Structure formats: structure tokens, C-alpha cells
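Some notes on the structure that comes next.
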Amino acid sequence: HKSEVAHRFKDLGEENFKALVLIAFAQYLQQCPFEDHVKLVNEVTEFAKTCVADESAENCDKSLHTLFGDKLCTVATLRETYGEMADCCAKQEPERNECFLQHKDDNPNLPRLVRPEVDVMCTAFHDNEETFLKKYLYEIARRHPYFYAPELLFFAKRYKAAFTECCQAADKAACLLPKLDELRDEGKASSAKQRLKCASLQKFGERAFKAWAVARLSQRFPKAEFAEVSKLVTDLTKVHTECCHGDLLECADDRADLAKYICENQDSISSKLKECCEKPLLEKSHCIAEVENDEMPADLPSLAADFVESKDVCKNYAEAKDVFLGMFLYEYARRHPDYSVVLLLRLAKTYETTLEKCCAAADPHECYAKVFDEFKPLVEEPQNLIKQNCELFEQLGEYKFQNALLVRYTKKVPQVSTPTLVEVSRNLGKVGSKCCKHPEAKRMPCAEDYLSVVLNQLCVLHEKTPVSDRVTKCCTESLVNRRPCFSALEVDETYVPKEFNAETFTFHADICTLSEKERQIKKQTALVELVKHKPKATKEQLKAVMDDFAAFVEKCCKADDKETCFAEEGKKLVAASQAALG
Ligand SMILES: CCCCC/C=C\C/C=C\C/C=C\C/C=C\CCCC(=O)O
Ligand SMILES: CCCCC/C=C\C/C=C\C/C=C\C/C=C\CCCC(=O)O
Ligand SMILES: CCCCC/C=C\C/C=C\C/C=C\C/C=C\CCCC(=O)O
Ligand SMILES: CCCCC/C=C\C/C=C\C/C=C\C/C=C\CCCC(=O)O
Ligand SMILES: CCCCC/C=C\C/C=C\C/C=C\C/C=C\CCCC(=O)O
Ligand SMILES: CCCCC/C=C\C/C=C\C/C=C\C/C=C\CCCC(=O)O
């Protein structure tokens, strides 16, 4: 059209427009103060209205990158504040934009945002709803420069709904606090995946991404033809590359096009898409990527027909290897919404290895006739891990379950730092209560989704401060062997127990006054240290001590006097325990 700005403004709306411009600026100029960005939003919004009124008004012809880049080069303190970035302004548009992206610090040194008290938040919320939500939106976006703007916006609205609903509530805190905690994990989760997918695209390459995509798309759109899914995988790939490069605009448009396409061919893709395709521009993509799995045909053949029994397997495979394998995945994935994507990838890989060995042999058909029997243990391994662990989780609670993981993993890798072992086990415990409440058919997909960010995140830490070659092995293994590699870690026999330190096992009454989350962490921290000191202790000896510790706490908190109790009894405990563990 004549004017891009006019257009976006029109089919986005002033409110969303202002919010997005704010986010965009906050993401590039992470150092400027809030009031400075607000001024810019106003100036750009005014500009936009001018173009809405006259498509032919001065500058309205300009493109968004050009417009955006100019206003950016407006900042006076630019060179004094961002040094090198200012040199970008000396370049022509294409390079200019490109130059800005390269100076977008993916993780600056800003203070960690602290959460104020419910009352202050609620009061601030009512006194000026807008600047309240905008300032935080500003704080969050400058700290997460690669977070897709429209999604950052979707979160903000949920946050607003929570304040509306809770700042009116009798027990404000009992209402809000838990809603905020949940919103945070989801936001941190969303953020981690975002970074995760792009890192993956980098390491593993396009081939691996396409495969991951085929499987994923097929589980969701089981009724679509392979031609459609191929078309989608291709476009989805252009979209991820684009979106990972960091260019918001190009990223947003590619996502827009892909959504409208899907919505138009909605009949040849899925039936669970009606709701999503009825929503406004800003939310279509988001809705679609979240859509529920559509139901499969029921009148579907057996894979063995076309992939095992049918002579020609090799002729068709040699004709177009990745395509044939893509077909295998499509076929296998859409009949199994219950498998994690990586499991599907492991089957496809096993099948590829086989076709490679068999198609170059005397009698093909007989060499690969029993390939499906190889899939069995591959499918059963993950299945049994879920079952065993979910059963254990039902017996104990999220808490006692977290302590079980603590003992278990401290033993595998004692070298690991205590605060890290506690962080990880608690998150694992969360995943436990999150996914174990689903029925078997949805358990594996669930665990995969959560376990992937947890696994990825723990690998980076170790990347920063390696402690074990074993972990490094698993962390640099193939995307398909990662989890299995970690599952295979057995007890570290080499390890030498930490020498006893009386301080580590000393407790004062300050634990009677502490809160749940605090008491637990302190108990769990002591637990890891206990195992690091006596790694050969049985699950029995250990439970014994833990039980003695159970009383100790009580027989000292609910006591006529703390301090003393924790000093007299405390000495007794260490002595007893020390003895019962050689
Ligand atoms: C850090 C999570 C990242 C996801 C957040 C995404 C969007 C939020 C942006 C604006 C919401 C406005 C106000 C939120 C209020 C408090 C946030 C403190 C974070 C926490 O609850 O401790
Ligand atoms: C341009 C048309 C493309 C459509 C076909 C779609 C996907 C084909 C590409 C790959 C799928 C084939 C096998 C996957 C097997 C193992 C995972 C790859 C991981 C790796 O590499 O270790
Ligand atoms: C004069 C300065 C111009 C800079 C303006 C900066 C940002 C506003 C421009 C576009 C807004 C970005 C995305 C919105 C477009 C489509 C909906 C999201 C696509 C999707 O995911 O479905
Ligand atoms: C839903 C189970 C949540 C419990 C998780 C708690 C602790 C972790 C311990 C074991 C891991 C359990 C299951 C992992 C199996 C499959 C995950 C999908 C990835 C893959 O196919 O490799
Ligand atoms: C700096 C990071 C150091 C790594 C230490 C962190 C955790 C302990 C070691 C390995 C990973 C343990 C659990 C991760 C979650 C699921 C995979 C294991 C599945 C299983 O149990 O079958
Ligand atoms: C030779 C070393 C002996 C030192 C023994 C001294 C103190 C015990 C050490 C650690 C504490 C042990 C268990 C507490 C942690 C979790 C159990 C849950 C308790 C509960 O809430 O139910």
C-alpha cells in the first residue's frame, strides 16, 4: 500500500500499536530511561495518525525499517551511551538495520527486578493503571530483547487481568501472589524455549529442524496430506530462521502470512482451527501454535505395508531419501500424538540406519523385514521412565518426591554444586506434578516440553563451569541422545566424600520462623550435603536419619525454648547419626 505505518496502525489499533512500539524501542535502546521511550512512542503515534489521515503525507511513503531506524538515530546520547551503535547511523538502510541487530545485547547487566508488596502494587495499579503496566512492560522488554513482542504483549494482558481480579479481592495477597508466580514460570518457560529453538537451529542445522517440524506438525494436523505438511514445514523454516535473526518486522510479517495461509486452507489442514482463525491479526499465530491436536482418520493403514512389506522400499528411498524419510515420520507421527517428538526422531533415525545397511545387501526385503521389532525397546524405555516416576510421585508428594530426586542425582554427580542440585530437583519435581496428572496418552509429550528447557539450561551452566566429563558428554551429544545419555548416568564410584564440617549440620530456631519454601530449601540443602559426606549410605540409613531429623525440628520448635534445644539435641543428633553411618 501507499503507507506501511498507516496500514499497521489501522489493522492493529492505537492501543496495541503504542504497546508494540514501546517494546520495540525498549528492546534496542535497553539503556535509555522510561520517560525517554514514552516520548518516542508519542511522536511515532502522532506520525502514524498523520499518515492515517493522508496516505500521501510527508514521509508516510517510507518503509518501517527506514522510519524506525531514523527515529533511533535521533537519540542524542546515542554515541555517549551506546558508543559503537551510533556508528550504525552512518549506514544506508539495509546495513543500518543489520548493524543495529548486531549490537542488541541478548543479556545486559541491569539489576534483577524485585517484586514489591501486593499492597504497593495494587495501589500503584489503581492510581495509574497505564504507566504501571507500561513501565514493567518496559523493564521486562529491555531485559528480554529477543522475546517476540506480540507475545510479550499477550503476557501483559494476563497480568492486567490478574490485578483487576485480585486487587479487588478481600485477601489480595492470597489471590494475586499465586497468579503471579504461575505467570512468571510460564514467561520464563516461554523465554527459554524461544532461545532454545534458535540455538538448536544453529547447531543441528536445517535438516534436523525440518525433521523435528514434520513430526510436530503431523501430530497436530493428522488429517492433512503430506504435500500440505511439506509446504508448511518449508514456510515454518523460513519463519524460524527469520525470527531468530532477530528482525521483529520481517519476523512478524512472515508469521502473519503463514497464519492467513493456514486459515484459508483450514479445511485441508485441521478442524480444531475455527476459534483461532476468528481472532484478530495480532493473535492468530499465537493461537495456532498452541492449538490442540486434531483427531486422526481411524481408517488408516498399517505402516508396515508401505515401509516394510512393499517391495521397492529402496527404489523409493534412493529416489529421494529425505522425502521418503519425511514420509515415514509424517506417517508415524500422525498415528502417535502420544509420543514425544524426539522419540519419533529416534525411530526415524533407526529406520534410516537400517535402510542404509539393507538397501545395499543381497536380499533387501529380508534384511529389513524385522525393523519394527527394533523400535520396541526405543518406545518402551521412555514409557517406563514416566510410569515409574509418576507412580513414585503419587506416593510421596511434590516435596518428598523432590527429596528422592535429590538423593538420586547427588549420587550420580556429587561434583555438582549443592545450590544447583536443589534448583534442578525442585524443577524436576514441578514437572512431576505438572505432567503426572495427565493421562498416559499425553504424558510423554508433556515431559518432553518441560524437560527440554531444564536439560538445556543445565547444560549451559555446565558450559560456563564444567564439573564432569560425563555431563559434558551428554550435553554435547546429539539432540536425540541427550536425555537417554542423562538417564544412563550411574552412581559415581570414583568420588571422594566431602570431609565433615560441623557448621554445615548446625541448626538454629531461625528455621521455625522461616516459611515453607524456605524451610524446605534449608532442609534439602542439608540433605545434599549429607549425601556428599556419606555417599554409600542406604536409602534405609538415610531415611532413618531423615526421620530423626523430623522429630528434632519439632522437639525443638514447639519447645519451651529454642536455641538451647537446637544446641543440646543438635549435638546429640550429629553424634548419633555420625555413628549410624560409620
Ligand atoms: C520474568 C518473566 C517474563 C515473562 C513476563 C512477561 C510479561 C510481563 C510484562 C508486564 C506485566 C506488568 C506487570 C507485572 C507485575 C510484576 C512483574 C514481576 C515479575 C514476577 O512475577 O516476579
Ligand atoms: C524441501 C522438502 C523437504 C521435506 C522433507 C522434510 C524432512 C526431511 C528431512 C529429514 C528427515 C529425515 C530423517 C530424520 C532422522 C533423524 C533426525 C535428524 C537429526 C540429525 O541430523 O542427526
Ligand atoms: C516509525 C517507527 C516504526 C516502528 C514500528 C514498530 C513496530 C510496529 C510495527 C509492526 C507490529 C509488529 C507486529 C504486528 C503485526 C502482525 C501481528 C503479529 C503476527 C503474528 O504473530 O500473528
Ligand atoms: C512426566 C514425568 C515427569 C517426571 C520427571 C521427573 C524427574 C526426571 C526423571 C526421569 C525422567 C522421566 C521421563 C523421561 C522420559 C521421556 C521424556 C521425553 C524425552 C525422550 O523421549 O527422551
Ligand atoms: C552445571 C550443571 C551440572 C549438571 C547437574 C545437574 C543434574 C544432575 C545430573 C544429570 C541430569 C539429571 C536430571 C535431568 C533431568 C532428566 C534427565 C534424566 C532422566 C533420568 O533420570 O532417567
Ligand atoms: C555423619 C553426618 C551426620 C550429620 C547429621 C545431622 C543432620 C542431618 C542432615 C541433613 C538433614 C536431613 C534430612 C532433612 C531433609 C529432608 C527431609 C524432609 C524433612 C521433613 O520435612 O519431613
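In this chain, residues are counted from 1 in sequence order. Keep in mind that the numbers below use all heavy atoms, side chains included, and drop hydrogens, waters and symmetry copies. Just so you know, ligand 1 is whichever comes first in the structure, and atom 1 is the first atom listed for that ligand.
Residue contact check: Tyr159 has heavy atoms under 4.0 Å from atoms 8 (C), 11 (C), 14 (C), 21 (O) of ligand 1. Of all the atoms in ligand 3, the ones that sit under 4.0 Å from a non-hydrogen atom of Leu249 are 9 (C), 10 (C). Counting atoms of ligand 1 from 1 in the listed order, those under 4.0 Å from a heavy atom of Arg115 are 20 (C), 21 (O), 22 (O). Distances below 4.0 Å separate heavy atoms of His533 from the following atoms of ligand 6: 1 (C), 2 (C). Each of the following atoms of ligand 3 lies closer than 4.0 Å to a heavy atom of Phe68: 2 (C), 4 (C). Residue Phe549 approaches ligand 6 through these ligand atoms, each under 4.0 Å from one of its heavy atoms: 13 (C), 14 (C). Close approach of ligand 3 to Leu67 (heavy-atom distance below 4.0 Å) involves ligand atoms 1 (C). Remark: ligand 6 atoms within the under-4.0 Å shell around heavy atoms of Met546 are 13 (C), 17 (C). Here is the list of ligand 6 atoms found below 4.0 Å of a heavy atom in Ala526: 10 (C), 11 (C). For ligand 1 and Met121, the ligand atoms under 4.0 Å from any heavy atom of the residue are 15 (C), 16 (C). Atoms of ligand 6 found under 4.0 Å from any heavy atom of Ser577, numbered from 1 in the order shown, are 3 (C), 5 (C).
In this structure, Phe68 has its ring center at least 6.0 angstrom away from the ring center of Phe100. Aromatic rings from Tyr82 and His103 are positioned such that their centres are separated by 6.0 Å or more. The aromatic ring centres of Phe132 and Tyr136 sit less than 6.0 Å apart.
Here the heavy atom of the protein found nearest to atom 11 (C) of ligand 3 is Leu12 CD2, 3.8 Å. Nearest protein heavy-atom neighbour of atom 2 (C) of ligand 1: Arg184 O, 4.0 Å. The protein heavy atom nearest to atom 12 (C) of ligand 3 is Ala252 CB, 4.0 Å. From the protein, the heavy atom lying nearest to atom 4 (C) of ligand 1 is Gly187 CA, 3.5 Å. For atom 5 (C) of ligand 3, the closest non-hydrogen atom of the protein is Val21 CG2, 4.1 Å. Distance from atom 6 (C) of ligand 1 to its nearest protein heavy atom, with residue and atom name: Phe155 CB, 3.6 Å. Nearest protein heavy-atom contact of atom 3 (C) of ligand 3 is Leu64 CD2, 3.8 Å.
The two atoms that bring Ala6 and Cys51 nearest to each other are CB-O, 3.7 Å, heavy atoms only. When all heavy atoms are compared, the tightest approach of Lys536 to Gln541 is O-OE1, 4.0 Å.
Residue contacts with ligand 3: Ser285 is placed with a nitrogen or oxygen under 3.5 Å of a nitrogen or oxygen of the ligand (distance criterion only). Between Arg255 and ligand 3, an N or O atom pair is found at a separation short of 3.5 Å. Among the atoms of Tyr136, none of the N or O lies under 3.5 angstrom from an N or O of ligand 1. The shortest N or O to N or O distance between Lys523 and ligand 6 is under 3.5 Å.
Counting heavy atoms under 4.0 Å from ligand 3, residue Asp253 does not touch it at all. Residue contacts with ligand 6, taken as heavy atom pairs separated by less than 4.0 Å, do not involve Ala550 at all. With a 4.0 Å heavy-atom cut-off, ligand 6 is reached by no atom of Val553. If you look at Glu529 next to ligand 6, there are no close heavy atoms at all, none under 4.0 Å. With a 4.0 Å cut-off on non-hydrogen atoms, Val44 touches ligand 3 through its side chain and not its backbone. Neither the backbone nor the side chain of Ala259 has any atom closer than 4.0 Å to an atom of ligand 3 (non-hydrogen atoms only). Heavy atoms of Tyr148 found under 4.0 angstrom from ligand 3 belong exclusively to the side chain.
Checked options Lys430, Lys179, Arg158; the residue passing with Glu186 is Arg158 (criterion: salt bridge (charged side-chain N to carboxylate O under 4.0 Å, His left out)). Between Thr418 and the choices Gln524, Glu423, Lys532, the side chain to side chain donor-acceptor pair (under 3.5 Å) rule is met once, by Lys532.
Between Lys91 and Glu98 there is no salt bridge, since no side-chain nitrogen of the basic residue lies less than 4.0 Å from a carboxylate oxygen of the acidic one.
Dense packing is recorded around CZ of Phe154, with more than 12 heavy atoms of other residues, nucleotides or ligands lying under 6.0 Å away. The environment of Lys135 atom NZ is dense: over 12 non-hydrogen atoms of other residues, nucleotides or ligands sit within 6.0 angstrom.
Residues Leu406 and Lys523 fail the side-chain proximity criterion, which asks for heavy atoms closer than 4.5 Å. In this structure, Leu281 and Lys260 have side chains that are not in contact, with every pair of non-hydrogen atoms separated by 4.5 Å or more.
The closest heavy-atom contact to atom 9 (C) of ligand 1, among the options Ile140, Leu176, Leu133, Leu113, comes from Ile140. For the residues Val574, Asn403, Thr504, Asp547, the heavy atom positioned nearest atom 16 (C) of ligand 6 is part of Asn403.
Every heavy atom of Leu581 sits 4.0 Å or more from the atoms of ligand 6.
In summary, the side chains of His7 and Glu55 do not present any donor paired with an acceptor at a separation below 3.5 Å, with no hydrogens or angles considered. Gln30 and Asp105 share no side-chain donor-acceptor pair at under 3.5 Å.
Taking the six-membered ring for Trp and thresholds of 30 and 60 degrees, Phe566 and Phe552 have ring planes more than 60 degrees apart, a perpendicular arrangement. Using cut-offs of 30° and 60° on the angle between ring planes, the pair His533 and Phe500 is tilted.
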* Please walk me through it: do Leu527 and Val422 pass side chain to side chain contact (heavy atoms under 4.5 Å, CB included)? -> CA-CA 10 Å; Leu527 189 46; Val422 177; over 6 Å; no
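With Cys565, the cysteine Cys556 has an SG gap short of 2.5 Å. If you check the gamma sulfurs of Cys166 and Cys122, they are not less than 2.5 Å from each other.
When distances from atom 18 (C) of ligand 3 to the protein are checked, a heavy atom turns up under 4.0 Å.
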